[PDB]
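Engineer: I have a structure here, written as structure tokens, and I will follow up with some questions on it.
What follows is calculated from the coordinates using simple rules that are stated; it is not laboratory data. Every residue, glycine as well, gets a Cβ built from its backbone with ideal geometry; the counts of neighbours run over all protein chains shown.
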Amino acid sequence: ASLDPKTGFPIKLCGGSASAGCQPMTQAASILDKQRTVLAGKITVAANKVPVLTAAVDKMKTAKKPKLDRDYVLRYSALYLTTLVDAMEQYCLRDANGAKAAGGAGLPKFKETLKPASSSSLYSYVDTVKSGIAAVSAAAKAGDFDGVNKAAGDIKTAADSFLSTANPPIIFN
Ligand code: CLA
């Protein structure tokens, strides 16, 4: 019904009718819906790791000689924020062009010729996270501890907002 906070994994038997059965061979979910639960689970893991940065930045400022580890803030941004932004963009793509993005147009390639992730209803939330990445990097260069904390909070609100409007089908295959 929801996705695990850390692992991100998902948390009726009729004859002649799929009846949205969870059991395999009775599953009514499309491969697109299964791809959407995967992307949503990956969005869930990255957003739930935003609290971990907030704690690290608080430990940095409380230290006797406060210093901002540009390397930690930039490495967390490289490891979690790129993940979250790319996954949000992919969810937006699958929503905008439907099956075409699930492999219906072939191997991922340049000149995709499918509806872009931009112009999606949920794309505005992806723009908020892109601003959050820029703030996390700008604050780290500046040395502003408060800037990193709020920017991570802005990303956390945006990712939670995305999932709520997305209403991703949770599929236990
Ligand atoms: C065995 C290796 C393996 C495994 C387990 C996965 C697993 C995954 N990949 Mg990866 N991937 C792999 C190899 C693998 N990949 C390779 C080699 C490539 C390069 C071609 C990719 C390229 C790739 C991309 C580009 C994407 C994934 C995605 C995914 C996720 C969703 C699965 C999916 O899209 O199925 C989709 C499967 C198909 C479209 C067809 C494959 C054939 C199916 C699985 C078998 C059906 C059997 C059927 C019942 C019998 C025949 C029926 C008859 C009618 C024909 C999942 C985490 C997606 C994702 O969400 O991750 C971000 C995604 O966007 N993968």
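Engineer: Please pick out the residue among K6, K42 that is assigned to a helix (DSSP H, G or I) and either in contact with a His (Cβ under 7 Å, 6 or more places away or on another chain) or among the basic types (K, R) (or both).
Structural biologist: Within the list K6, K42, the selection yields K42.
Engineer: Look through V148, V136, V129 and report the one residue that is under 12 Å from the mean Cα position of the chain (by Cα), surrounded by 19 or more Cβ atoms within 10 Å (Cβ to Cβ) and assigned to a helix (DSSP H, G or I).
Structural biologist: Criteria check complete, one pass: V129.
Engineer: Being closer than 24 Å to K100 by Cα and either surrounded by fewer than 19 Cβ atoms within 10 Å (Cβ to Cβ) or within 9 Å of the ligand (Cβ to nearest atom) (or both) is the filter here; which residues of region 42-51 pass it?
Structural biologist: Result: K42, single match.
Engineer: Here's a follow-up. Under 8 Å by Cβ, and 6 or more places apart or on different chains, what pairs join a residue from region 45-71 that is closer than 20 Å to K141 by Cβ with one that is surrounded by fewer than 11 Cβ atoms within 10 Å (Cβ to Cβ)?
Structural biologist: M60/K67
Engineer: Let me confirm something: among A18, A1, which residue is part of a loop (DSSP other than H, G, I, E, B) and closer than 12 Å to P169 by Cα?
Structural biologist: Just a single option satisfies the conditions, and that option is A1.
Engineer: A further question follows. Just wondering, is there one or more residues in region 52-67 that are exposed (fewer than 14 other Cβ atoms within 10 Å of the Cβ) and within 16 Å of the ligand (Cβ to nearest atom)?
Structural biologist: No, every residue in region 52-67 fails to be exposed (fewer than 14 other Cβ atoms within 10 Å of the Cβ) and within 16 Å of the ligand (Cβ to nearest atom).
Engineer: State which residue is farthest from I155 (Cα to Cα) when the search covers only region 17-48 and only residues that are among the polar types (S, T, N, Q) and more than 14 Å from the chain's Cα centre (by Cα).
Structural biologist: Looking at residues that are among the polar types (S, T, N, Q) and more than 14 Å from the chain's Cα centre (by Cα), I get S17.
Engineer: Can you tell me which residue within region 13-34, out of those that are more than 16 Å from the ligand (Cβ to nearest atom) and on the phi > 0 side of the Ramachandran plot, is surrounded by the most Cβ atoms within 10 Å (Cβ to Cβ)?
Structural biologist: The extreme case among them is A20.
Engineer: Out of region 5-16, which residues are closer than 18 Å to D33 by Cβ and over 13 Å from the mean Cα position of the chain (by Cα)? Please lay out each step first, then the result.
Structural biologist: Keep residues of region 5-16 that are closer than 18 Å to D33 by Cβ, which gives 8-12.
Those that are closer than 18 Å to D33 by Cβ and over 13 Å from the mean Cα position of the chain (by Cα): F9, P10, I11, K12.
Engineer: Please work out if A87 is within 16 Å of the ligand (Cβ to nearest atom), buried (at least 17 other Cβ atoms within 10 Å of the Cβ), assigned to a helix (DSSP H, G or I) and not hydroxyl-bearing (S, T, Y).
Structural biologist: So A87 passes the test.
Engineer: Can you tell me which residue in region 90-110 is surrounded by the fewest Cβ atoms within 10 Å (Cβ to Cβ), limited to those that are outside any loop (DSSP other than H, G, I, E, B) and more than 11 Å from the ligand (Cβ to nearest atom)?
Structural biologist: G98
Engineer: Can you pull out every residue in region 93-117 that is of a type in the set (G, A, S), out of contact with any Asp or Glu (no Cβ under 7 Å at 6 or more places or on another chain) and over 17 Å from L39 (Cα atoms)?
Structural biologist: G104, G106
Engineer: List, please: which pairs have Cβ atoms under 7 Å, are six or more places apart or on different chains, and start with a residue in region 99-126 that is under 20 Å from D154 (Cβ atoms) and end with one that is part of a loop (DSSP other than H, G, I, E, B) and within 16 Å of the ligand (Cβ to nearest atom)?
Structural biologist: Here the result reads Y123/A117, each pair linking region 99-126 to a residue that is part of a loop (DSSP other than H, G, I, E, B) and within 16 Å of the ligand (Cβ to nearest atom).
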